[PDB]
Amino acid sequence: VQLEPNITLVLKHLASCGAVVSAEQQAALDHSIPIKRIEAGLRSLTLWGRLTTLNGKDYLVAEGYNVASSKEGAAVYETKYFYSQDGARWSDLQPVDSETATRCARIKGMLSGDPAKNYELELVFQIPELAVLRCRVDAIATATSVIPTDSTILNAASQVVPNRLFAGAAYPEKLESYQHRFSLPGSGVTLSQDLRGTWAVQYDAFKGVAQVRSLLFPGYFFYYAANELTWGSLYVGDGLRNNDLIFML
Amino acid sequence: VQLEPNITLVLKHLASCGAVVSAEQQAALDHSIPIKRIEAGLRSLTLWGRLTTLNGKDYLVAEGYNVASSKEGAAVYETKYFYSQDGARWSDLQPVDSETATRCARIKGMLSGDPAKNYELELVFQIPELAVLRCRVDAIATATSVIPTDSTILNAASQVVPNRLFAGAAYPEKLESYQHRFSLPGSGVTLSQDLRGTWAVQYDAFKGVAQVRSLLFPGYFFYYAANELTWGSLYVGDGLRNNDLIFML
Amino acid sequence: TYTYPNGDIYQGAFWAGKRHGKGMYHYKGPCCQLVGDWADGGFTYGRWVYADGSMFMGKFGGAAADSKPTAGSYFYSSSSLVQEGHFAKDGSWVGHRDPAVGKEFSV
């Protein structure tokens, strides 16, 4: 039914889970999301998340794509990520090559504010902080991008497009009603096929709203309201990974 | 696109037009609209407006309908109204007769908060205050109930229903892009076949948001967002139409 | 059978005043059991079982400098997860693969 999640509805439904942004930053977002959506050629630019930092200048990260195709048995989106400290002026996040993509996953810690920070590894490897930020965003998006099943569909020329006749998911408390965004529409892959204890679902059946929380990445929340058929997802907190899931559960 | 209007969207988009609802009432509506919707059995129920009363307490009025039919060449909605002073308990707003409505018509000025006051008219007639409230509300509703053009369509069994695959109003800064709720989707009767100066439209092309203000009833505001096909209407103020409209123009 | 002052009970084989060979040791307090092969009064290989059903099967450090586990597989009964790995040092547990649903280690 919906074609792009709102920022206001998402920030309203996920407020209870701590997924909130400052009010001045909220107004700046309201003004400066369309500006970036028009400056860049994108046609769907939403807010992805907000990563914390050693300063107060958290990283607000937005994501936008033009084309979304079906390549090699996977729905692939040519995503582009932007970051900002305040909601006013956005900058871009260039992708990182594989050598850095492997040398950036060993840098556990909380990111600092200035995006001109260099971490050191071992000879010494000097890595920029924006590379680490992009690595963390890519990992979280690979592990957590959640949408209701059958919300997308395949057309001619093999483009994944919103299912304009989507009638919602029956049993919105079962994990079988949600799927990764990069699963092809025909495939029966859902969040159930992931590790059993990774995802937690709390479903308010009276107000008809379901919340899916990631336990492997503790700061990722997703909401799905069935009566109005609106689904959104945000990530608040840093992008570190919960390795010892077996002990916590 | 959208199935039912969102209260937070209405309050966010119509805030510039001075159509606001207090914080306590905001939270109380958020928690109490679903309860009354479920108790009554209505598929849709939403805040219709806020009529201001003499003393501090105000009248919040909500309306709800189950299904809208197509009868006698018009879209007939069987609506039921509820009123409240606080946003917690929703009592019923009873329908009134014809001659009693004519007597409501001669009651002017701001009505008082107490729902037990009785007005005096002329042989003397005793007019209950809730009757005056209902008379004003139904007058405003039957005058101005805006919906974007062709956003609803007929179906089998002839019940007007939301049009799931809706392109969006083209040329949305013109009255032809909007219509009355009770106008059939097929007919070309739109918001332009009424008096020439009773409506005003403001448009932001970058944000893609249109605001429609009723001039016959100054407190009726409507918004339509183009990027996300969401529209909503709200009434704020006492239920008096300015009969001295021409001199205003 | 040696009943210790703390309530811990060792049942099994002895050799020259120590625990040796097959033996099983029940702790008082934390109802956890060490079952398997003992050498010089210390655990070497076998299964460490908690009070609910979760356990750890593998090779432990001997009497040498402690009986701490060294390598093997954890299984947690609450989530049915199983993970193979080893304790690198300072207690840090490093696993070889992501956890996967499994069952208890019934030799």
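Under the Kirkwood approximation applied to all pairs of distinct alpha-carbon atoms, what is the hydrodynamic radius of the protein assembly as shown in Å?
29.1
Find every distance from the label point of B:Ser16 to the corresponding label point in the other copies (7 Å from Cα along Cα→Cβ) and write them in nm, one decimal, shortest first.
3.2
Over the range A:130-184, what is the relative contact order in percent, taking alpha-carbon pairs closer than 8 angstrom and at least six residues apart? Working shown, then result.
Working: 40 pairs, mean separation 20.6, N = 55.
Over the range A:130-184, the number comes to 38 percent.
Can you pull out the trypsin sites (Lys or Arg not before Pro) in the range B:24-96 whose DSSP state is coil and whose Cβ has at most 13 other Cβ atoms within 10 Å?
Counting only loop positions with at most 13 other Cβ atoms within 10 Å, the trypsin sites (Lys or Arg not before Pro) in the range B:24-96 are B:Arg43, B:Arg89.
Provide an ascending nm list, one decimal, of label-point separations from A:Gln193 to the equivalent residue in each further copy; define each label point as 7 Å from Cα along Cα→Cβ.
Result, one decimal in nm: 5.4.
May I ask you to evaluate 6.51 cos²θ - 1.76 cosθ + 1.60, the Karplus curve with θ = phi - 60°, for each residue of the range C:19-30 and list the ³J(HN,Hα) values in order in whole Hz, giving x for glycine and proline?
Those phi angles translate into 7, 7, x, 6, x, 9, 10, 10, 7, 8, x, x Hz.
Taking a ≥ b ≥ c as the square roots of the eigenvalues of the Cα gyration tensor of the range A:1-94, is the shape rounded (a/c under 1.5), prolate (a/b larger than b/c) or oblate?
Numbers: a/c = 1.69, a/b = 1.48, b/c = 1.14.
The shape class here is prolate.
Which loop-located chymotrypsin sites (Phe, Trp or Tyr not before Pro) does the range A:173-238 contain, where loop means any DSSP state but H, G, I, E or B and the Cβ has at most 10 other Cβ atoms within 10 Å?
Taking the range A:173-238 and a limit of 10 other Cβ atoms within 10 Å, the loop chymotrypsin sites (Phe, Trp or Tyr not before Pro) found are A:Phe206.
Taking trypsin sites (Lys or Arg not before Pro) as exposed when DSSP calls them loop (any state but H, G, I, E, B) and at most 15 other Cβ atoms lie within 10 Å, what is the longest stretch of chain C free of them, the sites themselves excluded?
Free of exposed loop sites, the longest segment is C:29-88.
Got a sec to turn the phi values of the range B:225-235 into Karplus ³J(HN,Hα) couplings, 6.51 cos²θ - 1.76 cosθ + 1.60 with θ = phi - 60°, whole Hz, x for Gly and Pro?
9, 7, 5, 10, 6, 10, 9, x, 10, 8, 10
Convert 37 °C to kelvin, take the viscosity as 0.692 mPa s, use the Kirkwood radius over C-alpha pairs of the range A:138-194 as Rh, and evaluate the Stokes-Einstein diffusion coefficient in µm²/s, rounded to a whole number. Write out the running numbers ahead of the final one.
Numbers: Rh = 12.0 Å.
Diffusion coefficient, whole number: 275 µm²/s.
Restricting the calculation to Cα positions, tell me the Rg (one decimal) and the Dmax (whole number) of the range A:83-130 in Å.
Cα radius of gyration and Dmax of the range A:83-130 are 12.2, 40 Å respectively.
What 222 nm value per residue comes from the helices of chain B, counting each DSSP H run with n ≥ 4 as -39,500 (n - 2.57) and dividing by all residues, nearest 500 deg cm²/dmol?
Value at 222 nm, helices only, nearest 500: -6000 deg cm²/dmol.
Could you give the size of the charge dipole of chain A about its Cα centre, using +1 on the Cβ of each K and R and -1 on the Cβ of each D and E, expressed in debye and rounded to the nearest 20?
My answer is approximately 200 debye.
Amide H neighbours of B:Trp199 under 5 Å, counting only residues 5+ apart in sequence or on other chains, H built in-plane at 1.01 Å?
Residues meeting the amide H criterion: B:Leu215.
Return the long-range amide H neighbours of B:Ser70 (sequence gap of 5 or more, or a different chain), with a cut-off of under 5 Å between placed amide H atoms.
B:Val76, B:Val160
Rounded if a/c is under 1.5, else prolate if a/b is larger than b/c, else oblate: which is chain A, with a ≥ b ≥ c the root eigenvalues of its Cα gyration tensor?
Rounded.
So which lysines pass the test for C:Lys18, namely a Cα distance under 22 Å, with those fewer than 8 places away in the same chain ruled out?
Candidates past the 8-residue exclusion: C:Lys28, C:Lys59, C:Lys68.
Take the cross-link list A:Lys207/C:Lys103; A:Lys174/C:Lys103; A:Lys207/B:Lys57; A:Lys12/B:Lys174 and give me the ones stretching past 30 Å between alpha-carbons.
From A:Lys207/C:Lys103; A:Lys174/C:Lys103; A:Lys207/B:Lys57; A:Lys12/B:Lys174, over 30 Å: A:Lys207/C:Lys103; A:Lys12/B:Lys174.
Counting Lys and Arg as +1 and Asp and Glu as -1, what is the net charge of the other residues whose Cβ lies under 9 Å from the Cβ of A:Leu111? Intermediate results must be reported in sequence, preceding the final value.
On the way: positive: A:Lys117, A:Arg136; negative: A:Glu129, A:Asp238.
Here the charged neighbours net out to 0.
What are the equivalent ellipsoid semi-axes of the range A:56-117, built from the alpha-carbon gyration tensor (square roots of five times its eigenvalues), in whole angstrom, biggest first?
Those come to 25, 19, 9 Å.
Net charge within 13 Å of C:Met55 by Cβ-Cβ distance, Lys/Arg positive one each and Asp/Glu negative one each, not counting C:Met55 itself?
Every neighbour counted, the sum reads 0.
Along the charge dipole of chain B, pointing to its positive end and built from +1/-1 on Cβ of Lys, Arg, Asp and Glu, which listed residue (B:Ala169, B:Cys135, B:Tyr235) has its Cα farthest out?
Positive-end residue among those listed: B:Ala169.
Could you check the spin-label model distance between B:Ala40 and A:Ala157? Points 7 Å from the Cα along Cα→Cβ, value in nm.
4.6
Could you pull out which residues in the range C:1-32 have an amide N less than 19 Å from a spot 7 Å beyond the Cα of C:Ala63, following the Cα-Cβ vector?
C:1-5, C:9-26
Hey, for B:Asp244 with labels 7 Å out along Cα-Cβ, what do the inter-copy distances come to in nm, ordered shortest first?
The projected label point of B:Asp244 is separated from its counterparts by 7.8 nm.
Please give the average number of partner chain Cβ atoms lying within 10 Å of the Cβ of each residue in B:1-13, rounded to a whole number. If you can, show how the numbers build up before the last one.
On the way: counts 7, 5, 7, 3, 1, 7, 0, 6, 4, 0, 1, 5, 1.
For peptide B:1-13, the averaged partner shielding equals 4.
Just so you know, all these numbers are worked out from the coordinates, no wet-lab data involved. Note that each Cβ is placed from the backbone with ideal geometry, even for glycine, and that neighbours are counted across all protein chains shown.
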